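Novice: Provided hereafter are the protein sequence and its experimental coordinates.
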Amino acid sequence: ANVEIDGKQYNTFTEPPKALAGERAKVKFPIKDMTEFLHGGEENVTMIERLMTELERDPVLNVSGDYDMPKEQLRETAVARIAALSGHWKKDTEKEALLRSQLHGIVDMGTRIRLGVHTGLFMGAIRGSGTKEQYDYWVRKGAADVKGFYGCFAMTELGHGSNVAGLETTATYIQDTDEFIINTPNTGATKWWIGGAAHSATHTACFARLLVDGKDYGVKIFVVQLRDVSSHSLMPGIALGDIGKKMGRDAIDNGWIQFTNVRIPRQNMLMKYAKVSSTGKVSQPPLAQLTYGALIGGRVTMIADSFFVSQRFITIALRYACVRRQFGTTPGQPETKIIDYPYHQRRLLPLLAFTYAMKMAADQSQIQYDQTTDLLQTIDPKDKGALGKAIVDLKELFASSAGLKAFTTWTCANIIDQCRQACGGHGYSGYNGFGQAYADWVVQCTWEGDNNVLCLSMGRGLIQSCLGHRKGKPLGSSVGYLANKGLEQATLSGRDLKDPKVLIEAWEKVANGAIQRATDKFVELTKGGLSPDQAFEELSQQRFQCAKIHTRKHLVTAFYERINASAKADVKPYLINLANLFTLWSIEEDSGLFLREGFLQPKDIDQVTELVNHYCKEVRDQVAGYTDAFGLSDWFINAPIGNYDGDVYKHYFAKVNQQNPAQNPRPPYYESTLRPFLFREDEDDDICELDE
Amino acid sequence: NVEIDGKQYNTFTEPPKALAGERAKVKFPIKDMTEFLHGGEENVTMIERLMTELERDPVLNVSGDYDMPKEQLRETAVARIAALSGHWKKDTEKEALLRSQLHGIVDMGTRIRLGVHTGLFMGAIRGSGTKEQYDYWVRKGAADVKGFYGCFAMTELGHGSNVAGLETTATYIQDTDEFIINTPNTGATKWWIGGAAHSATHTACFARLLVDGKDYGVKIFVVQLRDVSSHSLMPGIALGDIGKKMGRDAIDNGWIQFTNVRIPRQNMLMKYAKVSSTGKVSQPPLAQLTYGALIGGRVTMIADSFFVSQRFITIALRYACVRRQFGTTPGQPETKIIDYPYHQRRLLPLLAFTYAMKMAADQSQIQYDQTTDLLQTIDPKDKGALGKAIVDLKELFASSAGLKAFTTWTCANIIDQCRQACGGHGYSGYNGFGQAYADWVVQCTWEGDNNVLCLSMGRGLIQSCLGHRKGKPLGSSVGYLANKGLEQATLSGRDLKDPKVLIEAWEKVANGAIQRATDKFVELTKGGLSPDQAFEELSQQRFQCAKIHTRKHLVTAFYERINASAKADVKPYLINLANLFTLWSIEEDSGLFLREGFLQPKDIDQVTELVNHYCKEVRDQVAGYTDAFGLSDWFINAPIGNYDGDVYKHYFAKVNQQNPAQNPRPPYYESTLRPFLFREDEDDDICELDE
Ligand SMILES: Cc1cc2nc3c(=O)[nH]c(=O)nc-3n(C[C@H](O)[C@H](O)[C@H](O)COP(=O)(O)OP(=O)(O)OC[C@H]3O[C@@H](n4cnc5c(N)ncnc54)[C@H](O)[C@@H]3O)c2cc1C
Ligand SMILES: Cc1cc2nc3c(=O)[nH]c(=O)nc-3n(C[C@H](O)[C@H](O)[C@H](O)COP(=O)(O)OP(=O)(O)OC[C@H]3O[C@@H](n4cnc5c(N)ncnc54)[C@H](O)[C@@H]3O)c2cc1C
């Protein structure tokens, strides 16, 4: 059958652009103001618009044909891509450069990192850990401009990743020559996963145990030249190779490295923090402005990346959903668009809410970090209690960072995966991006701190924060709710579940509950004679749960706080609608936490279910506005079913035929392989003669 | 550095010795655990024989597959079909399926490319052809793939799940005794048709049967796509390669359009629906269309989930036994990650789930064979005994659906989790995770979209609830719905290590969800909503019903198969697994059991302590549970997963073999890298202007 809209008849092929226009027609807010909320104002929006257009327009950058590229071409084109991006280094501010590389990561996660290993990790190490004179030297050798020089970052070993303190590569001081000997003692200590090392890097920042006169001073950082710059040949004692095929991100040339008795000058050790004299005396000064703006910054960047990737796929799935019809139960009626189904709304709309929430947690973290850094600077008289609070605010920021990184990276993975399923078998088309994006994304969970290892540390960290509070230490701003003793007795008490203040309190309750009980058990177990370490091991599930509940509560809090703080009036009700869906959905997913603490009873879960259904419908009405608010052009979407105009089948059929021209019906292997098989001769079924 | 048996090992040298240590702890004969997993000694030797015939065959060697581009995968799949074809003359139906599933532990692309002819096309002409039609197509080369290659065109760009809504039309023309097959719009383009782009000469085309302006619904028609001699497209046929997929690139999925294609009437497959030479349409009742194929298919998928899951769980666990990261005692070596309680939690319940998927597969097959016989036996029928066989059947379909959905999603999850359990090394293509996950996941979308199956199931469970309420009979699978005691049952201080108590907890929670959503449905229908609008209003509830019932089914099936088939030497160790599975399952969905009031908050702490305990008991025997799968290094196909445990040495070797390192510079060094590193400086000059 056929659909009639505005006096005209449509078919399965022609209806989609009309359906999606119909959705746009419902939008009650101006989209520009929703885009200002996501990116923190007008100035930021124009900047992002500028950067996005610069990327998309660049001919060498074009991602349109990347799905069909084998690894050798990904490897080659990433270099050409680097040469093009290299034009902006002269011009860009740090903020511009970071944001340009994150925007570009929406569609090319390989090139960004292949540059990134020099641009951030190697340059980060020489700037972060070298003296001014050491930095300036490497820059004169061409390291800032990537001129006859290309760095990489060699920390990970085949045997050690998470436990950096346990690296086995050694750097042995020899006084006679004033040198370090860099040595890989067994093949287990071979450097591993080193981006750029396989084919690109002339130098590395090598992490090795510092050994002077039989004393082990722990892991430090040494510049080791990997290749003769002139010929790209390996320096003496340097072995390295391409690690080969990865799940994803094949454009990056991750290599292994072995060092055998490689001689470097003492001066190649980076010495801002740890210093070694020409006589072999080792010093490690107090160095108070050690403040790891960088550590928080690295995590805030990844929390934002989770946003930047998620918005693409959630946009693809939702636009598809607005036009895709499957099934109906009316004789006279067309099949229902899947967006109209309440189950499908539950699959996608919370994740749309989740993606907005990811950005607010990145923004809230960067802002809390900025006010806390600014607060330290103002207080010269050093009112000590005040400084102590500013320090624990900063400490708890770093700690909260670990959970946010862990969960927003996992969540981004789940969204890519879910959005793919939501588009059915057309999810499995390489051109709709799900496959490649998922494969590329997933490493974010492993590198920059294993997600599970971060969650267990932060879970231990919360128990230590709670126990130190009980002993009279002040709590950092991020875990202040642990001091709130109104939560012991708190219950819903017939309050409104549509009120953000209530839903906030409910996440404070279950976080506090889990952490106080875990801290109590840790105390029973230590008194019982376990060491601190053995007690934390006994409480591995509880530490993980604490990390999880606290992070969830932080996402909820940051969403509401940022709405209250920065949302213009015309968008505010639609954001609260999003926020309530996020928050009530989250409650619904983890109903047990709420039952067990006694905040809700069996009947209140039913009500929560009804509210999630309700906000699903409120969010669904405005869905085109929420998704168009991301401001992604079709180039960033990079999937036919997700294009702005909504002509899902026309573009998809176009994309397939463009990349797969159909004029020849037989495969390249038809004569060689397929034809010989289909036309094979019959078996010889004679049997040998034998008398009798 | 570590000392074992008075000898020195390092990070590189230890791992083979560590894994041998774990084998030393095993308290059962591993061969009996294999017998349990595969239903006894005979099946096991058949499996062994098959696996070895696959491993040996040089054409099928999968060692270099990860590095292979799409063009290679496509060609290679055909060479592999040629080699696998050597077994068609001799295999039984049992051996052929099994050989094909075993093969798909390592090559998800080839079995499907063969499969579309082998299973889908042949299945349609056998299933829906008359004997004469079948024999005709066999005579033209179909059975033997001689001058003939089939595919299955059902899906259209417009329709996947809603098969009844397909738009492609078959119009009968008496004058010429022909159907006209036609694709009315581009939306109706057949899509995802494996074999079509490059391989297939013929398709089983699903189209609406139109006779005299009467639409008789979707039927099946054989349509020649290509001239056999030249492989060129036939008049009115347009097809093309769909191109890059997330996975399974070896399969040549195509799109197809039909433009007034004429086929003889006799090409319509006429076992159930017949059209005469005058346009007389007949559809006799005909025994209900034999859905053992439909159930049979879901059972296969459940097993496939076991067959893949075992591989990745084995790789991850063997890795976990040798990998040391972090230590707490200043003097000692770093702790092997398998000794971390949180690592145990991530993997050993998945290992348990792996076994459980098999049990549910085996259970389903048995129940379905058993019900099928108790239909033949009842040639003479007594009103009550024919009715419950029918109702046990219906409840088998529903149970099949949830099982397929959740076991396939679980297998995806297992793959993903095992990859993260191996850290960075999980992201190497050579350790299998990336490609397996990319290939596997489509199982969640085809053969019934997993979400659509769940929402059907949960509607079905509600309807069975309403049925019983109104005096209708209950299928065995949903019997717990008739249990009076359940409504007020509580833990009441009973042992959580007792399987029976755990069964009751799961029965209570499933029944609780179903009955409650039934009351909601009745109340909403009373309110005046139509049956279908109320289900839609209850969509959360239908899903939740399906998940809960399916989880419960997995639990009971595990215990039931252990009690039915576990010898004494392995029983305690399988109850340990089963218990871990069931208690971990309770911990993961604690809110359900709090909400029905079976458990109190105090009981949730005890479940957590028991998950911790059963993790320890299962950890001790890990080598036994994983070796029992009986996979050789060829099936593992991952360096860190190898039998000997020499994880670093195999891994460094695999990498270097595939990536010879003798040349330091990339193939683009002169063309691309070298001109960038040594590019000339910017021109800083500024145009002259007096002013
Ligand atoms: C594509 C890619 C590129 C990379 N590029 C670089 C690079 O350029 N430079 C570089 O230096 N590194 C690089 N790495 C390495 C990466 O930083 C590490 O892989 C990661 O930080 C740690 O992983 P691992 O392999 O050390 O695993 P491990 O730390 O050994 O952990 C392995 C598994 O064991 C578990 N585990 C570990 N410790 C514990 C514990 N105490 N308790 C419980 N469970 C535990 C973890 O959860 C994990 O699942 C790269 C990795 C990848 C995948
Ligand atoms: C690799 C591959 C190979 C294939 N090979 C073949 C082949 O050889 N032959 C062949 O005939 N077909 C083939 N297919 C097609 C495949 O069977 C379909 O993709 C699948 O069966 C149906 O999904 P769909 O794309 O039609 O999505 P739809 O049915 O539209 O579903 C899309 C999304 O909408 C949601 N949705 C749909 N209906 C509802 C509802 N009522 N309520 C709630 N949510 C709903 C679904 O959950 C799904 O997430 C292949 C597919 C793939 C991926």
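Specialist: In hand now; what should we look at? Residues are numbered from 1 along each chain as shown, chains lettered A, B, ... in the order given. Ligands and ions are numbered 1, 2, ... in the order given.
Novice: Assign a three-state SS to whichever residue of the stretch 51-200 of chain A sits closest to ligand 1, would you?
Specialist: Closest to ligand 1 within the stretch 51-200 of chain A is residue A:161: 1.1 Å, counting by Cβ to the nearest ligand atom. Backbone N, C-alpha and C define where each C-beta goes, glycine included. State at residue A:161, reduced to three classes by DSSP: H, G, I helix; E, B strand; the rest coil: coil.
Novice: Next: residue A:304.
Specialist: Residue A:304 ends up helix, using three-state DSSP.
Novice: Between the two ends of stretch A:250-269, how far is it?
Specialist: Taking Cα to Cα, to the nearest Å as the measure, stretch A:250-269 stretches 31 Å from start to finish.
Novice: Could you measure from residue A:318 over to residue A:646?
Specialist: Note on residue A:318: its distance to residue A:646, by Cβ to Cβ, to the nearest Å, is 11 Å.
Novice: need the contact list for the residue nearest to residue A:339 when sequence neighbours are not counted.
Specialist: Closest residue in space to residue A:339, ignoring its immediate chain neighbours: residue A:321 at 4.0 Å, by Cβ to Cβ, 6 or more residues apart in numbering or on different chains. Taking Cβ atoms under 8 Å, 6 or more residues apart in numbering or on different chains, we find residue A:321 in contact with A:337, A:338, A:339, A:344, A:348, A:422.
Novice: where's residue A:321, which helix or strand?
Specialist: Using DSSP states H and E, residue A:321 sits in helix A:293-323.
Novice: Please see if that helix touches ligand 1.
Specialist: No. Helix A:293-323 stays clear of ligand 1 (Cβ under 6 Å from any ligand atom), getting no nearer than 12.0 Å.
Novice: Could you confirm whether the next helix or strand after that helix reaches chain B?
Specialist: Where DSSP H and E defines the elements, the next helix or strand beyond helix A:293-323 is helix A:342-378. Yes. Helix A:342-378 is in contact with chain B by Cβ under 8 Å from any Cβ of the partner chain, via A:342, A:343, A:346, A:347.
Novice: Name all residues that make contact with the second one.
Specialist: Residues counted as contacts of residue A:343 (Cβ under 8 Å, 6+ apart) are B:451, B:455, B:539, B:540, B:543.
Novice: again, only using 6 Å
Specialist: When contacts are counted by Cβ atoms under 6 Å, 6 or more residues apart in numbering or on different chains, residue A:343 touches residue B:539.
Novice: Residue A:223: what secondary structure?
Specialist: At residue A:223 the chain is in strand, as set by three-state DSSP.
Novice: Nearest residue to it in space, please, no chain neighbours.
Specialist: That would be residue A:268: by Cβ to Cβ, 6+ apart, it lies 4.5 Å from residue A:223.
Novice: Might one say that the one you found is in contact with residue A:220?
Specialist: No. Counting by Cβ atoms under 6 Å, residue A:268 sits too far from residue A:220 to count as a contact (10.9 Å).
Novice: shared neighbours of those two, anything?
Specialist: With the criterion set as Cβ under 6 Å, 6+ apart, the contacts of residue A:268 and residue A:220 do not overlap.
Novice: Can you give me the buried ones in stretch A:676-692?
Specialist: Buried residues in stretch A:676-692, counted by 16 or more other Cβ atoms under 10 Å in any protein chain shown: residue A:678.
Novice: Name the residues that touch that stretch?
Specialist: B:82, B:147.
Novice: Try it again at 7 Å.
Specialist: Residues outside stretch A:676-692 that contact it (Cβ atoms under 7 Å, 6 or more residues apart in numbering or on different chains) are B:78, B:82, B:145, B:146, B:147, B:149.
Novice: Over to stretch A:84-92?
Specialist: A:58, A:60, A:61, A:100, A:115, A:146.
Novice: what does stretch A:565-572 give?
Specialist: A:29, A:30, A:33, A:34, A:37, A:40, A:563, A:575.
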